[PDB]
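Structure record follows, encoded as structure tokens.
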Amino acid sequence: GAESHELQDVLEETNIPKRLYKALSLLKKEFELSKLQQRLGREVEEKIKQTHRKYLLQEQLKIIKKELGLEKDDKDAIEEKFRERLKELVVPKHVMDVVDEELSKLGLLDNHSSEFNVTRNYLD
Amino acid sequence: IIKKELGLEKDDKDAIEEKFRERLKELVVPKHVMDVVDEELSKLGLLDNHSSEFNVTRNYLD
């Protein structure tokens, strides 16, 4: 891929050895350039894989933490809390199914949603 | 195994939980507010700092 100047220089050479060696050297320079060109992108590949792998080790220890560190708390635990809170009470049946429906909603409702907070407040 | 894995990435923590705990330590704090703050702090820790409910929860704590 040498510039036309290099090709002209090769042509000017009359001796066969001179032109052959010049052509070989030009070929290896053009290979150097092109391999730099492609190496930039392949190095991007390597960087993104490296960061993903580091995040994957972080993720392994973070899953173990989720089991232990976060304890998987609040996974519909308020439902059981209120179940026990209502356990001692001799509660009617219509309000029993109302509480069951509210619990199903709350499990379906996302914790962040203000509707979820209002549902928890009403159930309280 | 857990503690060595964490040691691989040991350094972390912003320490707001314990900050409010020590803030209330001096005061003779009623049990009602203590349990309410415990529930609020459990909701906070189980929620990411980004979530707006996290900010509202922290404001309630303050």
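Ordering of the structure tokens sets the chain letters (A, B, ...); residue numbers start at 1 within each chain; ligands are numbered from 1 in the order shown.
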Which residues of chain B come within 10 Å of chain A, and what is each one's closest atom pair and distance in Å (one decimal), counting only C-alpha atoms, sorted by chain and residue number, as a Markdown table?
| residue | atom | partner | partner_atom | distance |
| --- | --- | --- | --- | --- |
| B:1 | CA | A:61 | CA | 9.9 |
| B:2 | CA | A:64 | CA | 7.8 |
| B:3 | CA | A:61 | CA | 10.0 |
| B:4 | CA | A:61 | CA | 10.0 |
| B:5 | CA | A:61 | CA | 6.3 |
| B:6 | CA | A:61 | CA | 7.1 |
| B:8 | CA | A:58 | CA | 9.1 |
| B:9 | CA | A:58 | CA | 7.9 |
| B:42 | CA | A:74 | CA | 8.5 |
| B:43 | CA | A:74 | CA | 7.7 |
| B:45 | CA | A:70 | CA | 8.5 |
| B:46 | CA | A:70 | CA | 7.0 |
| B:47 | CA | A:112 | CA | 8.2 |
| B:51 | CA | A:112 | CA | 7.3 |
| B:52 | CA | A:112 | CA | 7.7 |
| B:53 | CA | A:112 | CA | 5.8 |
| B:54 | CA | A:112 | CA | 8.4 |
Self-check item: Contacts of residue 60 in chain B at 10 Å (only C-alpha atoms; same-chain gap of 2+ positions) as a PyMOL selection string
Solution: chain B and resi 37+40-41+54-58+62
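One finds CA of residue 59 in chain A at 28.8 Å from CA of residue 106 in chain A.
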Quiz item: Out of chain B, which residues get alpha helix (DSSP H) from DSSP, as a PyMOL selection string?
Solution: chain B and resi 2-8+17-25+31-45+52-61
Go ahead and write the selection's residues with N, CA and C atoms as a compact mmCIF listing (two decimals), in the first residue's frame.
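Once everything was written out, this is again28.txt:
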# COMPACT_ATOMS: atom_id res chain seq x y z
N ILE B 2 -15.92 -15.71 51.88
CA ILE B 2 -16.62 -14.44 51.69
C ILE B 2 -15.69 -13.28 51.99
N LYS B 3 -14.98 -13.33 53.12
CA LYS B 3 -14.19 -12.18 53.52
C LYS B 3 -12.97 -12.01 52.63
N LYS B 4 -12.38 -13.10 52.12
CA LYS B 4 -11.28 -12.93 51.18
C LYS B 4 -11.78 -12.37 49.85
N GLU B 5 -12.94 -12.84 49.38
CA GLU B 5 -13.51 -12.30 48.15
C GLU B 5 -13.80 -10.81 48.29
N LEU B 6 -14.36 -10.41 49.43
CA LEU B 6 -14.58 -8.99 49.68
C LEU B 6 -13.27 -8.23 49.79
N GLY B 7 -12.26 -8.84 50.43
CA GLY B 7 -10.95 -8.22 50.50
C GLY B 7 -10.38 -7.93 49.13
N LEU B 8 -10.69 -8.78 48.15
CA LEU B 8 -10.29 -8.48 46.78
C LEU B 8 -10.81 -7.11 46.33
N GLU B 17 -25.95 5.38 57.48
CA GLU B 17 -26.62 4.57 58.50
C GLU B 17 -26.05 4.86 59.88
N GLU B 18 -24.76 4.55 60.06
CA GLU B 18 -24.13 4.74 61.36
C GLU B 18 -24.10 6.21 61.75
N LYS B 19 -24.11 7.12 60.76
CA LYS B 19 -24.13 8.54 61.08
C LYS B 19 -25.40 8.91 61.84
N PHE B 20 -26.56 8.51 61.32
CA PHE B 20 -27.81 8.77 62.03
C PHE B 20 -27.88 7.99 63.33
N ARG B 21 -27.33 6.77 63.36
CA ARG B 21 -27.32 6.01 64.61
C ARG B 21 -26.56 6.77 65.70
N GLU B 22 -25.37 7.27 65.38
CA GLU B 22 -24.61 8.03 66.37
C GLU B 22 -25.28 9.36 66.68
N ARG B 23 -25.94 9.97 65.70
CA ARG B 23 -26.66 11.21 65.95
C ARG B 23 -27.74 11.01 67.00
N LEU B 24 -28.47 9.90 66.92
CA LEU B 24 -29.49 9.59 67.92
C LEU B 24 -28.93 8.93 69.17
N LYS B 25 -27.65 8.54 69.16
CA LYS B 25 -27.08 7.85 70.31
C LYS B 25 -27.15 8.71 71.57
N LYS B 31 -38.62 4.15 71.72
CA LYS B 31 -38.56 2.90 70.97
C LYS B 31 -39.34 3.00 69.67
N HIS B 32 -40.47 3.72 69.68
CA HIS B 32 -41.28 3.84 68.47
C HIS B 32 -40.46 4.43 67.33
N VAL B 33 -39.82 5.58 67.57
CA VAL B 33 -39.02 6.21 66.53
C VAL B 33 -37.83 5.34 66.17
N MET B 34 -37.27 4.61 67.14
CA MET B 34 -36.15 3.72 66.83
C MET B 34 -36.56 2.66 65.83
N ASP B 35 -37.70 1.99 66.05
CA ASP B 35 -38.12 0.95 65.12
C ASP B 35 -38.54 1.54 63.78
N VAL B 36 -39.18 2.72 63.80
CA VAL B 36 -39.55 3.37 62.54
C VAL B 36 -38.30 3.70 61.74
N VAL B 37 -37.27 4.22 62.40
CA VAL B 37 -36.02 4.53 61.71
C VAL B 37 -35.33 3.26 61.25
N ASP B 38 -35.43 2.17 62.02
CA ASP B 38 -34.86 0.91 61.57
C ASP B 38 -35.52 0.44 60.28
N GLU B 39 -36.85 0.51 60.22
CA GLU B 39 -37.55 0.12 59.00
C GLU B 39 -37.19 1.04 57.84
N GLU B 40 -37.13 2.35 58.10
CA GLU B 40 -36.80 3.31 57.06
C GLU B 40 -35.39 3.07 56.53
N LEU B 41 -34.44 2.78 57.43
CA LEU B 41 -33.06 2.53 57.04
C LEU B 41 -32.92 1.20 56.31
N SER B 42 -33.70 0.19 56.69
CA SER B 42 -33.70 -1.07 55.94
C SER B 42 -34.22 -0.85 54.53
N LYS B 43 -35.29 -0.07 54.38
CA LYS B 43 -35.77 0.27 53.05
C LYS B 43 -34.72 1.04 52.27
N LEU B 44 -34.02 1.97 52.93
CA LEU B 44 -32.99 2.76 52.26
C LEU B 44 -31.86 1.87 51.76
N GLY B 45 -31.30 1.04 52.64
CA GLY B 45 -30.17 0.21 52.25
C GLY B 45 -30.54 -0.78 51.15
N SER B 52 -35.29 7.77 43.42
CA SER B 52 -35.86 8.94 44.08
C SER B 52 -36.43 8.59 45.45
N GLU B 53 -37.00 7.39 45.59
CA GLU B 53 -37.46 6.96 46.90
C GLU B 53 -36.31 6.89 47.89
N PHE B 54 -35.10 6.59 47.42
CA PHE B 54 -33.94 6.65 48.30
C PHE B 54 -33.73 8.06 48.85
N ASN B 55 -33.83 9.06 47.97
CA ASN B 55 -33.65 10.44 48.41
C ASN B 55 -34.76 10.87 49.37
N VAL B 56 -36.01 10.51 49.06
CA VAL B 56 -37.12 10.86 49.95
C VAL B 56 -36.96 10.16 51.29
N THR B 57 -36.54 8.90 51.27
CA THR B 57 -36.29 8.16 52.50
C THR B 57 -35.21 8.83 53.33
N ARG B 58 -34.11 9.24 52.69
CA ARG B 58 -33.03 9.91 53.41
C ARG B 58 -33.50 11.24 53.99
N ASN B 59 -34.33 11.97 53.24
CA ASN B 59 -34.90 13.21 53.77
C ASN B 59 -35.75 12.94 55.00
N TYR B 60 -36.55 11.88 54.96
CA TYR B 60 -37.33 11.49 56.13
C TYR B 60 -36.42 11.15 57.30
N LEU B 61 -35.32 10.44 57.03
CA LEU B 61 -34.35 10.15 58.08
C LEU B 61 -33.79 11.43 58.68
